[PDB]
Amino acid sequence: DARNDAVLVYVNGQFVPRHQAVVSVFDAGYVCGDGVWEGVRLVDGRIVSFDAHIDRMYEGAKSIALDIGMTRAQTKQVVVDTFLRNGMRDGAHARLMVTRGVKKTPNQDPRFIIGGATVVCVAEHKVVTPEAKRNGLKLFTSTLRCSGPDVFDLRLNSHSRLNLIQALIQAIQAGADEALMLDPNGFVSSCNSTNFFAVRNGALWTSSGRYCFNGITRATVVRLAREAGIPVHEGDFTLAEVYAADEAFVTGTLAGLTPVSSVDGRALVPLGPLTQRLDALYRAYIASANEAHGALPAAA
Amino acid sequence: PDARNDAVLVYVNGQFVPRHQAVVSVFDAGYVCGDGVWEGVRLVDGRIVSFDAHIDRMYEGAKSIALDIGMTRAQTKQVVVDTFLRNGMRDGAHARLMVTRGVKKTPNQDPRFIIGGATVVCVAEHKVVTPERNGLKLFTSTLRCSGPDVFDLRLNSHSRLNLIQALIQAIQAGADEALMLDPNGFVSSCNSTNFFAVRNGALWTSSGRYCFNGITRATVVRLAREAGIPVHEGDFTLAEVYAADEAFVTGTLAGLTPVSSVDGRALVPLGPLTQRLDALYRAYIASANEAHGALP
Amino acid sequence: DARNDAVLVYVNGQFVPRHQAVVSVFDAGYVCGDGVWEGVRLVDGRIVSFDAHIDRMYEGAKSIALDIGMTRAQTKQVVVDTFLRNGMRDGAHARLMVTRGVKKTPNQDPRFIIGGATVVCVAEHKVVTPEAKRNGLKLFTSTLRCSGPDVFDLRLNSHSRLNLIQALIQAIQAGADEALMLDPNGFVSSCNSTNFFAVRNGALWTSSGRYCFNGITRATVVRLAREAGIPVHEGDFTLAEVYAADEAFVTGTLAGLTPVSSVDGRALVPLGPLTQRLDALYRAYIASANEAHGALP
Amino acid sequence: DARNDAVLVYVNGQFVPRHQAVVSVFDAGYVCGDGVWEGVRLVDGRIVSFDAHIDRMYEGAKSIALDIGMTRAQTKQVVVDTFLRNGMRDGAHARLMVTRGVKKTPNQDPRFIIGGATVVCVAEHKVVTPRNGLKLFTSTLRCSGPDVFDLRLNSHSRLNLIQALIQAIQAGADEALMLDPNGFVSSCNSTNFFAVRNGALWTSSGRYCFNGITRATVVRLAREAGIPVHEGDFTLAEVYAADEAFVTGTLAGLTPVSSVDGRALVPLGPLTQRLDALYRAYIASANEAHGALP
Amino acid sequence: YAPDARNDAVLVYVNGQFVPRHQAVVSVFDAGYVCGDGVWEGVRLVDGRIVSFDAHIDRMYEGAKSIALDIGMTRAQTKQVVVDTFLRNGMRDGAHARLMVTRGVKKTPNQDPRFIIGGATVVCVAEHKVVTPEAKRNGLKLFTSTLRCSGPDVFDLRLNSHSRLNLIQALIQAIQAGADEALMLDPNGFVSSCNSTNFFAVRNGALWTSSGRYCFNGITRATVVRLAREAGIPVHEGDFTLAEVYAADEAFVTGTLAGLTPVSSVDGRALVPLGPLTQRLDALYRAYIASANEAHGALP
Amino acid sequence: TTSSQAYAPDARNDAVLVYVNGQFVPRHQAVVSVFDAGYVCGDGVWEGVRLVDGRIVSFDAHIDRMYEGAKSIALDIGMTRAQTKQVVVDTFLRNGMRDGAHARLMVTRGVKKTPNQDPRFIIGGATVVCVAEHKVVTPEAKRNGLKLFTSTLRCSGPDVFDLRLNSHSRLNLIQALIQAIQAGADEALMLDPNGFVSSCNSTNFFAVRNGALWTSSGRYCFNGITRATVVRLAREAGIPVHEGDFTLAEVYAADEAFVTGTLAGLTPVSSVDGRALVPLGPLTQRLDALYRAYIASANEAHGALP
Ligand SMILES: Cc1ncc(COP(=O)(O)O)c(C=O)c1O
């Protein structure tokens with residue numbers, strides 16, 4: 001989308017063209033991966049599941065003693081302002097990135113910070129029709145594991161992403177699009193950047209999320225499934241259960257439900273019936289005037 | 001603390017940029033994802049201490065994450081040299097060379113869609129660490145060093161929340177630095193320095209299977225063996241620490257820092273073996289050893 | 001409480017003045033930490049949740065093949081007699097301690113015990129100060145872990161307590177009052193001597209208890225919560241979920257619900273609304289003529 | 001030995017007849033298993049490897065912030081005095097037990113201690129005969145890693161070991177063998193474990209068990225006699241196919257192992273016999289490791 | 001199983017042939033013999049009905065899929081193998097069959113699954129096997145082996161395979177402790193299963209069994225759980241300890257071959273065999289397997 | 001489509017006689033009861049040995065591993081070591097092999113009264129099978145090098161399954177191989193439970209970094225004869241050997257890697273997880289030459305054919 005060349009990026013309250021959207025080399029985010037972020041989608045004038053995203057950011061920031069320096073409402077207003085300044089109402093997404101701040105000297109220690117969080121919001125136009133993603137993802141189960149929370153709590157949506165990127169790198173070399181990752185016990189946990197679901201015998205299966213990002217999209221699809229009386233098995237399941245699944249798909253804010261066409265070269269039919277049903281339910285939900293979605297105000 | 005640091009010029013992608021303007025894109029993999037490797041080096045009496053050892057670690061770490069540095073070792077070395085030269089630094093300085101995957105078309109974790117090359121940044125700063133080192137308080141964090149199938153701590157990367165989180169806990173315990181156990185509960189390392197204990201005239205340190213394998217650590221081990229001090233490199237416990245004669249940490253920035261307590265258990269700071277190894281280390285880094293790259 | 005100086009302690013069927021209440025240096029409890037115990041609270045003539053305590057003791061004793069050498073009723077009678085001998089009817093607590101017995105030689109081997117189990121009951125006056133009048137515990141999450149049951153089953157309420165004391169020692173040196181402990185997987189398990197609870201958005205959260213003492217108080221508070229329609233999250237939760245909690249508190253027979261004012265230096269407002277509601281429910285429950293509480297004669 | 005009925009036990013500086021040797025029910029040792037101990041053997045007027053034992057006690061005490069309240073010399077003197085008071089010169093053993101002390105109220109918290117550490121020393125006669133050999137069963141219960149409970153500590157908290165022993169006894173065995181968290185052979189519940197394979201001694205690294213003085217002695221004697229010792233990770237398979245096995249501890253010395261999990265080994269194999277003779281010679285010698293009685 | 005002279009003369013299905021017992025053979029190059037490379041099911045024939053037949057076939061198809069083993073038959077055809085093996089032997093009642101499907105004959109003996117001449121080897125051993133209540137009622141002695149159930153990233157014990165040394169090893173240790181069967185803990189130390197049967201305990205009127213994350217998910221196990229819930233017996237399917245076993249009121253094990261077998265001790269800790277809830281569930285199970293339920297495949 | 005298990009096709013292999021329980025049986029007729037413990041349960045141990053210039057390479061070492069493995073699973077082989085040796089010798093002799101051959105000796109617990117796991121139910125003694133085949137693995141066939149993928153499936157600790165056992169229960173290894181095959185690789189590399197490099201699914205793994213040979217401790221994999229030989233040859237030639245915990249990072253930055261086993265000797269590795277390594281680097285070539293010299297010598301380790 002050619003219009004992406006002319007977007008303004010929010011950087012510490014300045015609206016800046018992409019080629020000039022910059023942060024100090026001393027920023028905690030650049031030096032140390034020291035920050036938390038959220039991606040949100042804008043559909044028909046509404047930021048999808050906005051509060052759920054902001055809640056995860058406030059929880060993640062709290063866990064790393066990172067002062068966001070704004071109330072929830074103010075942080076929301078950053079995103080709102082970024083969409084308004086770009087004239088975006090629909091078919092957009094934004095990545096809100098909050099890093100500890102600019103450091104007196106590049107090192108890990110958070111006490112060496114000049115106070116004031118770095119706040120960046122990258123808003124962009126995008127789009128993809130439901131059976132145009134007809135291209136299922138190929139998944140490869142990486143040898144690199146999800147961590148337990150005494151090592152690194154994967155509920156944290158952080159700027160420290162090498163633990164996930166490394167699994168993706170391995171999956172790419174296996175000819176896959178995305179890594180599936182096991183938890184420390186060997187049960188299926190999640191993909192490197194999306195949550196993983198299987199369909200077995202009319203039932204929806206996904207991990208407990210004890211060892212992966214608990215995506216807002218994952219949460220929404222679970223809820224939609226239960227509300228529709230689809231049985232949901234949220235708990236420990238294996239690669240054997242995946243290879244024998246009827247369908248599989250991944251979830252995340254950027255693409256919604258993406259069908260999976262194979263796992264470790266084991267074929268699954270992309271876009272099976274239950275994927276189709278849940279996708280329709282999700283598409284309806286994100287387009288509705290549901291109170292979970294924050295209506296973008298008109299400009300002043 | 002040194003007023004000259006306010007005016008240093010930072011290497012960014014071949015340009016020397018004043019401190020307050022030295023910037024990287026918000027789309028850079030280092031900012032978005034902590035996706036990069038770095039090395040810190042110390043400049044002593046015109047010589048970059050253990051320069052090659054630092055560069056080899058960077059090349060191996062970059063290789064591990066399929067990050068093309070986009071430079072030969074000689075070129076990379078030249079970046080650091082040039083950064084010191086541009087700042088008129090000959091002694092009492094430290095530099096952090098940071099290499100991140102590069103500028104992405106869109107901010108996300110996927111390494112594939114990189115416009116252009118690796119981002120290369122070098123921050124040099126005057127950093128005199130006086131021996132006048134009252135000894136660190138350590139607290140053993142509840143947060144663990146990972147095994148290499150989760151996150152290989154030999155990597156010196158821009159993804160450091162795994163270490164920072166241990167440090168945060170130690171800070172709230174009233175300590176200066178976190179000590180970290182490995183997945184089996186043996187002593188591994190500190191959050192930003194390697195850890196050593198002294199027991200009965202012997203030097204003890206972890207195997208390094210689960211922590212950064214620091215250059216300083218390696219140097220101190222080597223000096224110890226060359227001086228006929230016994231070195232136990234292997235699994236040891238909190239109990240062995242609490243009953244030690246001495247303890248100290250190692251890193252490029254500070255050299256040997258004495259430890260005055262671990263989990264509130266007092267140790268006499270700067271014991272005899274710490275003092276000897278410190279003298280050996282200061283001698284070594286100030287010598288015309290072939291391990292150190294002379295500035296022009 | 002000055003009265004505590006003069007209490008009589010039950011020792012093997014005798015009432016013994018406190019300063020003379022003694023056990024052989026050959027006792028399995030002393031040599032080896034080899035025994036199980038229960039703490040019970042006496043409130044308004046009633047031993048709180050007495051049966052629940054006794055059932056834990058019988059299960060724990062069974063797990064280490066320790067024959068208590070008494071029926072459940074008889075064991076209860078020890079505690080009853082200990083309170084009655086000391087003229088206690090309210091405001092008291094007792095520790096019933098049952099160790100394997102006197103050994104022919106001091107070593108770990110449980111065989112070759114002279115006689116039966118050693119039975120000791122220490123009753124003492126404690127005023128439990130009102131809810132409003134304590135400003136909350138500081139917790140530090142120790143580096144020392146709760147064990148899995150193939151290493152040491154923390155459901156066991158035993159005389160072998162260095163595994164818990166070690167975590168407490170570390171927490172004390174961090175400036176805290178009590179240790180929080182993670183399980184082998186890194187999820188929150190319990191404190192070193194009390195069970196741990198968090199409140200997150202009007203909901204009560206506590207571990208599954210797979211890796212800690214399953215306290216009677218814990219079990220009571222879970223049940224009270226559900227009976228009151230407070231949602232209860234019993235399952236795996238993290239330090240992150242604690243640091244972002246609205247409230248936290250710990251449970252045990254000695255103090256009831258004790259509010260938590262911080263965890264690893266992260267402030268929590270002590271005695272938040274859900275702590276206060278559950279405390280009122282618990283204080284009501286332990287003072288009621290519920291059938292779970294054994295009336296003194 | 002009938003003489004054991006009349007021994008005097010050291011309790012806090014007093015020598016107390018056996019049947020009156022007592023500790024408060026408020027003692028940290030009784031309430032909580034909160035203390036450290038050492039077993040020592042007296043051979044031909046010498047306390048075997050005395051300093052080594054005391055050093056482990058001081059290290060263990062330090063790990064649990066237990067103040068013994070005595071210098072090393074004083075602690076040694078308690079044991080010396082206990083043997084002297086009982087007229088023991090040979091064929092005796094003592095257990096020195098140091099618990100945190102008397103509590104104001106029975107609970108786990110180490111802070112509320114009236115006075116100093118409780119110090120108890122039980123000395124007893126035992127003749128150690130020149131012996132059927134132990135049956136060992138590998139318990140399902142594991143040695144812990146040091147972030148759960150460090151088995152180098154020789155403490156009064158012993159149910160973690162007793163539980164393994166209980167399972168072994170019900171399997172018809174005399175002693176539990178115990179694996180480490182990774183499934184490698186670690187130790188027995190109360191003695192260190194050795195296997196003999198191909199002229200070589202095999203024992204665990206000791207990362208996950210008590211580091212016994214006897215174990216250390218046997219390793220050294222083996223190397224001085226040119227028997228190699230492989231201290232490392234080894235498996236049940238390597239035990240079941242061993243030529244011999246034995247256990248070590250202060251109480252019995254080298255005890256042969258005659259089976260593990262029902263798999264027969266030699267009732268007393270040649271290298272066990274050699275090392276036992278070397279050990280008996282060593283503990284009877286005027287070595288500087290042994291503290292001569294007055 | 002009660003001694004039965006008729007078993008000496010049974011015909012075994014081998015690759016479409018009915019072969020007398022003493023001649024029923026497979027190539028030394030077969031993947032099953034060289035490598036334990038195959039999946040199997042045991043089924044019980046009661047009053048002309050193969051008990052829970054589809055459930056067994058479903059497990060076989062999932063297990064074969066997990067190891068990329070093509071059974072080379074439709075489910076109907078697979079069923080017909082079993083049917084034919086019972087019919088050929090004139091069995092209508094009081095019989096059991098083991099259906100074994102191995103990857104096939106190899107070009108050379110090695111582990112590599114690619115080197116297969118021809119299709120899967122299919123063997124069906126049917127035998128008269130009444131396990132009398134006389135024989136069963138007194139109960140098994142269990143010993144908790146030191147050898148543990150694996151997590152699914154090492155070996156998924158839901159697989160019913162020809163690679164059984166991981167189970168046999170536990171059993172060998174139990175046999176030498178004077179026990180009949182090994183009980184096995186999972187990697188975390190919780191009770192998982194026996195070496196060849198699923199394990200249940202009864203505590204205070206409630207049925208306890210493991211979650212099955214670390215053991216074979218037996219058909220009989222699943223049937224007993226369902227009968228318990230249908231009878232309003234509480235079921236605690238979850239993590240429990242040896243302490244909870246040693247203090248249980250009753251214990252029993254389940255499997256196709258013997259049904260519910262009472263446990264008389266675990267690690268030498270006595271349990272009264274055939275307690276009231278074991279007897280109730282046993283009565284419910286015997287009723288169920290003898291009924292015209294649609295889960296059971298009627299012989300023609 | 002590549003194995004580390006491939007060798008020159010050899011028409012003579014159609015007609016070999018297989019030892020089965022004391023008989024020599026034509027290949028197509030060489031059979032075992034469907035009640036055999038090996039078929040039902042994977043219940044047996046095996047050894048593969050290579051015949052070079054009339055000498056069975058490292059024969060005693062193979063036999064010792066078999067006897068130890070059989071002991072570990074209480075399997076009575078029912079033959080002395082000399083008898084067992086003689087079975088393999090006789091199998092090579094009966095097929096006229098003196099060179100360029102490999103045998104797999106398979107000993108399973110025996111015929112069961114009923115197919116189940118219980119080892120008590122055994123009629124008679126152990127089943128003994130020996131399959132000898134002409135198997136030349138040329139250096140030409142090897143020069144391309146194997147592609148490794150690090151499987152998600154891991155080597156077990158010995159309290160789950162002791163990988164020093166060379167058993168008929170091989171789905172634990174085959175599963176890792178299946179995953180590697182679908183990644184486009186020839187063989188699976190496997191990590192140990194701690195995440196350190198352990199072994200391949202059917203061969204031992206080595207890396208070369210800076211003139212030094214690196215291989216795992218072997219605490220968590222088959223302790224191959226070939227592996228042990230290569231370690232000793234390296235030490236004897238003064239090449240430093242790092243036997244201990246190393247990582248995927250250490251592999252991806254290696255100068256060379258190769259795998260070892262009886263069937264192929266030293267096979268160079270060309271990539272691990274898509275990370276290229278030059279196949280047949282200088283230290284692989286030196287160790288290969290040392291190994292070929294060693295297996296062709298009259299070393300005391302090799303069993304002379306009569
Ligand atoms: C699993 C495994 N790895 C590697 C090898 C290679 O070892 P060797 O050199 O002894 O054939 C073997 C031998 O069978 C093996 O079984």
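All values below were derived from every heavy atom in this structure, side-chain atoms included, with hydrogens, water molecules and symmetry-related copies excluded. Numbers restart at 1 for each chain; the letters A, B, ... are given by sequence-line order, proteins then strands.
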Closest approach of [X] to [Y] (non-hydrogen atoms, all atoms of both residues):
X      : Y      : result
F/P158 : F/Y220 : CD-CE2, 4.4 Å
F/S151 : A/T143 : O-OG1, 2.6 Å
F/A237 : F/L290 : CB-CD1, 4.0 Å
F/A207 : F/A254 : CB-CB, 4.0 Å
F/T226 : F/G261 : OG1-C, 3.3 Å
B/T76  : B/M58  : CG2-SD, 4.2 Å

Approximate separation, where rounding is to 0.5 Å, of [X] [atom1] and [Y] [atom2]:
X      : Y      : atom1 : atom2 : value
F/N201 : F/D186 : CG    : CG    : 10.5 Å
B/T250 : B/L256 : OG1   : CG    : 6.5 Å
B/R57  : B/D52  : CZ    : CG    : 14.0 Å
F/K147 : A/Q173 : NZ    : CD    : 13.0 Å
F/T267 : F/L146 : OG1   : CG    : 5.5 Å
B/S207 : B/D182 : OG    : CG    : 7.0 Å

Would you say that [X] contacts [Y] through its side chain, given a criterion of any heavy-atom pair below 4.5 Å between the two side chains?
X      : Y      : result
F/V259 : F/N204 : no
F/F196 : F/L191 : no
F/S58  : F/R50  : no
F/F149 : A/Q170 : yes
D/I227 : D/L221 : no
F/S216 : F/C221 : yes
B/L153 : B/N213 : no
F/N166 : F/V45  : no

For the aromatic rings, using the six-membered ring if either is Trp, is the centroid distance between [X] and [Y] under 6.0 Å?
X      : Y      : value
F/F258 : F/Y291 : no
D/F234 : D/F194 : no
F/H302 : F/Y294 : yes

**Qualifying residue for side chain to side chain contact (heavy atoms under 4.5 Å, CB included) with F/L148, from F/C200, F/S270, F/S4** = F/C200
**Message:** Does B/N200, at its CG atom, have more than 12 non-hydrogen atoms belonging to other residues, nucleotides or ligands within less than 6.0 Å?
**Reply:** no
**Worked verdict on F/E243 versus F/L213 for side chain to side chain contact (heavy atoms under 4.5 Å, CB included)** = CA-CA 8 Å; F/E243 181 171 357; F/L213 194 58; over 6 Å; no
**Message:** What verdict does the side chain to side chain contact (heavy atoms under 4.5 Å, CB included) test give for F/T262 and F/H62, after you've listed the backbone C-alpha separation in whole Å, the side-chain angles of each residue and the deciding distance to 0.1 Å?
**Reply:** CA-CA 10 Å; F/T262 293; F/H62 282 276; 3.5 Å; yes
Is a side-chain N or O of [X] found less than 3.5 angstrom from the main chain of [Y], in a donor-acceptor match?
X      : Y      : value
F/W46  : F/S167 : yes
D/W202 : D/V229 : no
B/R199 : B/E240 : yes
D/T203 : D/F193 : yes

**Request:** Validate the cation-pi geometry between F/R164 and F/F222: distance from NZ or CZ to the six-membered ring centre under 6.0 Å, angle to the ring axis within 45°.
**Result:** no
**Message:** Show, in sequence, the C-alpha distance, side-chain angles and deciding distance for D/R207 and B/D235, and conclude whether the salt bridge (charged side-chain N to carboxylate O under 4.0 Å, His left out) test is met.
**Reply:** CA-CA 7 Å; D/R207 286 150 57 228; B/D235 289 349; 2.9 Å; yes
**Request:** Check the pair D/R274, D/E244 against salt bridge (charged side-chain N to carboxylate O under 4.0 Å, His left out), reporting the backbone distance first and the verdict last.
**Result:** CA-CA 12 Å; D/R274 186 176 177 212; D/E244 338 175 12; over 6 Å; no
Taking [X] first and then [Y], would you say they form a salt bridge - that is, a charged N and a carboxylate O separated by under 4.0 Å?
X      : Y      : value
D/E224 : D/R220 : yes
B/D68  : B/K63  : no
B/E290 : B/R47  : no

**Message:** As a quick check of understanding, evaluate side chain to side chain contact (heavy atoms under 4.5 Å, CB included) for F/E47 and F/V88, giving each step before the final call.
**Reply:** CA-CA 10 Å; F/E47 282 303 323; F/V88 171; over 6 Å; no
**Asked** Checking side chain to side chain contact (heavy atoms under 4.5 Å, CB included) for the pair F/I56/F/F92: CA distance, chi angles, key distance, verdict?
**Response** CA-CA 10 Å; F/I56 302 169; F/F92 287 129; 3.8 Å; yes
**Request:** Please assess F/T203 against F/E187 for the test side-chain hydrogen bond (donor to acceptor under 3.5 Å, both in side chains), listing each intermediate value before the final yes or no.
**Result:** CA-CA 9 Å; F/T203 53; F/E187 179 102 338; 2.9 Å; yes
